[PDB]
Structures are given as structure tokens and as C-alpha cells.
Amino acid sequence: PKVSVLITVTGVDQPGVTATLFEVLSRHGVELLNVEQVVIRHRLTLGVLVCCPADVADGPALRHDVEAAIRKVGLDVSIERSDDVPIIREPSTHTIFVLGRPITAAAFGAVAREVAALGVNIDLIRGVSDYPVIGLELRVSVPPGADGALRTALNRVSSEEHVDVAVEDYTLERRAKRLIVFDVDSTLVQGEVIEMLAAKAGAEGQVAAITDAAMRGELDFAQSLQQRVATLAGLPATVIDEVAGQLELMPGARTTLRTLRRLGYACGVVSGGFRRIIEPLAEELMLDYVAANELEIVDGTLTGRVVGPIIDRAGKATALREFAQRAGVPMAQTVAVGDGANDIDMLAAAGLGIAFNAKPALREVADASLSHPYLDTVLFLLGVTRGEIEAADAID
């Protein structure tokens, strides 16, 4: 097994090329060291590294046979002895997802600039969706220490150019994610249950004020929730059923969970809302775990307080950890998706922390930020493509 020899075929794709090339190579004394091939928009590139004897390699026989056979039918072929060339490419270090509606060329351009500026090469680019959102994957190779810089760079690009840009490690380990938890209110579920409840009271205004203030940061969650729930004092606890079946799942939420089931994920929710309303829905969606606060009921009437302990911001993290343990999933292989500053400790604690249509407070400490009203775009940050979802769904 003397010298290495590199055959590279390019040109417009045609049937039988791969087979024609290897049938030819078999007439000489050839063993395969590596093979790479792809067709992009009817452009073939076929890259073969072979290990033949010094006899066969430095002999005009092999060269003229391959050159005759490729050129005879359309394509081009180069042939060069190396003995200095890598056999099998090292893996990408990271992967970057770009989601937009639309993704302007200008947006994509800004991404590549920052990538190139920071010494990163692009190993591959592919699409991972067309609808509801255009999704593009770049698998990249990042110099050590550029990692902190590159996210910084791309996060400016994100806000400027109006696309979602996420950077994830492209490792074996941190790719086998297997536990995900969703916030409920304005994540898995359209809107805020507590405003829907406060509306029954006639207090949607007082509450939606404090509500859009606590999940933005201005108010402590505990003292906010007590002042918010208080407004419900007097309501008949049948209000909980009314608002429960008044709820609308976020766009794509069913698709999101179904696909997560297909991939064998443990799924659960961690909320500061109310078990009574949530558990009804978590049965429907076959959830593995629920953590919520609880409304104190006295003679079929809410008293405007809750039954401790309070799932506060620290509570959400603690609940993710407890869920991780019972299911036997390391923390780094866990995912959290939430929208408010409520969700800061949870997202930080999780392996991959995703902010969904989230207040600036969360979108500034989250691993990844989505900004379209489609929860299924969570799947693209987890390595899934639309075409895959679409395929799997069609076999029922």
C-alpha cells in the first residue's frame, strides 16, 4: 500500500458516474481511503482518495484510464499523488442556524462577514426549512477562543438584519439533547392565563399591567404573583375550567411536541401559572412532567392567594433539575424554552436555553433567540429539518 492518490471528478451530474469511476479503478490495484460526494443543483463533485502501489500510481495506465472514462462522457477529472493530504475531515466545531422571514442576502452576508472576520471557515451550508420560516444551517470550524467573540458578532447581526442567528456546539455529546421543558404562558400557550382569569373578575387591566412588567423585570415574581392572583378573590373556582378550554396552543406547538416524541424526548412544563388549568392540557399533550403554582380554593371560591411553595425564577431552575434527575438526563443534555425574565434561571441552568419571542431580559442571557410566532422553529435549533418532519408525519 504505497503512495496515496487523489481523484477528483467535477461537472454536471449524470447517471452511472460513481459506478463508472469505481469499475475503472478496480482494473488497477486500488483500495479506497476516503470518498466524498454530493450533487448541488445538478453539480457533481466526487472526491476519492485511493491507496494503490507505487507501481499503479506513478504509472500512466491508471491516469489515462480514469481520464479517458470521465472525459468520454461529460465531466472533468484531476489526479494528483499526495502523500501529504488528510484522509478524513475533522468534524465541524460548531453549527449556526439562521432563521428569517425573510432572510435577505444582506442578512446572510453579514453572517458570513463576521464568520470570516473571526477566522472561522464554513464546512457546509444546507437549508433546514422553507416554511413557515426560511432556515439555513452553516456548519463551521471555529478557532478556540473565538467562540465568545463569534456569538457576540452574530448577535449584533441578528438584531440589525432581522434574522434569528444561533450558535451551537457541534459535538457528539451536546448534540444528543433528550429532555426539554417549556414555559407555559406565552411560550407553549397563546397569551397569559392569569390575564384570562383576571378578565373573568373584571380586572384584566390592573393585571396585564403588572404582568407585562414582572416578565420584563421591574417587579419581583413572588410579590407580583401575590398581588396578581389577589385580584381573583371571590371568583367561583369553575372559572378555571372556563379559561382552560379557552386556551390556544402556540402556532406549531402540537408539531413541536409530536416531533420531540418521535425523537424520544422527555417533555414537560415549568410554570408560574396554575396546575389546575395546566394539567388538563398536559394530559392532552402527553407530558412527562408538570410544575406549577397552585390556587387556594375555599368552598369552591378562590381566595386570591396561592398554596406554597411558589415556583419563582429560582423555582423554575430547581424544577428543571428535579425533572432532569427523575428522567436520568444530565443537565447539559437538557433544553428549556421560555419567554420572560421569569425564565432566566431555568434557561441559564439548561444545556440549551432558548428564548421564544422573549423580552430583552431573557434574550440577553439565552443561548438562542427565536423571534417568529412559530414554536416548531424550536425543532430546527435541534437539528431537525422541515422535510424530515414532513416525511415522518406522512407515515402516521
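Heads up: residue numbers just count along the shown sequence, starting at 1.
Checked against the other entries of this protein, residue 198 counts as resolved in every one of those spanning it, not missing from a third of them. Residue 103, modelled here, also has coordinates in every other compared entry of this protein that models residues flanking it, well short of the third needed to call it frequently missing. When the mean C-alpha temperature factors of 136-144 and 211-219 are read from the deposited coordinates, 211-219 comes out higher.
Stretches compared: 304-312, 259-267. Higher mean C-alpha B-factor in the entry: 304-312. Of the candidates 69, 362, 368, 33, it is 362 whose Cα B-factor is highest according to the PDB record. Ranking 287, 87, 122, 233 by the C-alpha B-factor listed in the PDB entry places 233 at the top. In this PDB entry, the Cα temperature factor of residue 63 sits in the middle third of its chain's modelled residues. When all modelled residues of the chain are sorted by CA temperature factor, residue 94 is found within the lowest third. Among all modelled residues in its chain, residue 227 ranks in the highest third by Cα B-factor. Annotation for residue 109: CA B-factor lies in the lowest third of the chain's modelled residues. Looking at the C-alpha B-factors along this chain, the one for residue 56 belongs to the highest third.
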